[PDB]
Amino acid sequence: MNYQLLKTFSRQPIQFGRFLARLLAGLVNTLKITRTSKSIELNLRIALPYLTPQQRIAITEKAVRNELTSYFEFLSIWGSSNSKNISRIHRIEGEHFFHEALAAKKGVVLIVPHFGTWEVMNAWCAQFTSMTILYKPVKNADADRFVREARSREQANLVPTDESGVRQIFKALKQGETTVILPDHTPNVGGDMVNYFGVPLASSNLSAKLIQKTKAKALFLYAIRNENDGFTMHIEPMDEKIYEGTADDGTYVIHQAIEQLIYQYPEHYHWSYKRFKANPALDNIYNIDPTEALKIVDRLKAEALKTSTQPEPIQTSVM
């Protein structure tokens, strides 16, 4: 369909192609593009060490393509009506757990890793529940309008990423409603050193804090595109251990679920994010040479296992 493609490329005002070319040109001229590719490949090195160098490149290439594809699909999703987006949901596994958790009326925490095409699940979810979501305003103003408009359409209640937003989320849960937390980025402020692929990383405790206090039901969700179709969406109950222990133990149970998802579907995780920076030993690992980076990481995964048998709280010390 290269032609109906060009047929609309060529139908738009000429300043549109100009604006798009300057955007691409900025990327080709900043080396932001090849910096991304090496971060993906370093991340795969760290999280999936058993890949051959041949398998890494194959997954790196599918991941580059798949993450890029998801952002375009996000645009399509955000510019589409709710019914169109709901119709994009081809199949759902585990729908039962979602309606059941709604039935319990103790709240629902949807745990969504940066994986596949998660934005497509919102319109479908929103027809069964009120949704309250953390929202960081987007730097550029028109992107923020375009996203806020799409959230307005999907009925989402946006709250600030601060304590007042957390309070509104707690309130939403206590009223039997739903929240979506993306738990797998490094928090801007704080928090807890929790192992991620064997590496202690500064991690959010928000999901566990919400769940363990309110006894809300925790569901693990992700959606993967089907070749020239819509998306299969997967709803899985979080292991009941998430309710036990400290918030950090709950966060660790969330980390295990993400790891298992990544193990099965490494090409569908969004590897561009520089997650493994979030350790005081690892602040520079994306700047330095990858093979030294990996020596530092391997150094650290070993210390952390040896220090966990030791009575001393070494890895969770934040300094």
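Note that residue numbering begins at 1 and tracks the sequence as displayed.
Mean CA B-factor, 123-131 versus 180-188: the higher value falls on 123-131. Between 225-233 and 107-115, the higher mean Cα B-factor belongs to 225-233. Per the PDB record, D142 has a higher Cα B-factor than any other of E244, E73, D162, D142.
Taking the PDB entry at face value, the top CA B factor among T52, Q256, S272, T69 belongs to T52.
Among the modelled residues of the chain, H96 sits in the middle third by CA temperature factor in this PDB entry. When the modelled residues of the chain are ordered by C-alpha B-factor, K62 sits in the middle third. Per the PDB record, residue ranking by Cα B-factor puts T251 in the lowest third of the chain.
Per the PDB record, residue ranking by Cα B-factor puts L31 in the highest third of the chain. Per the deposited record, the Cα B-factor of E267 falls in the lowest third when ranked against the other modelled residues of its chain.
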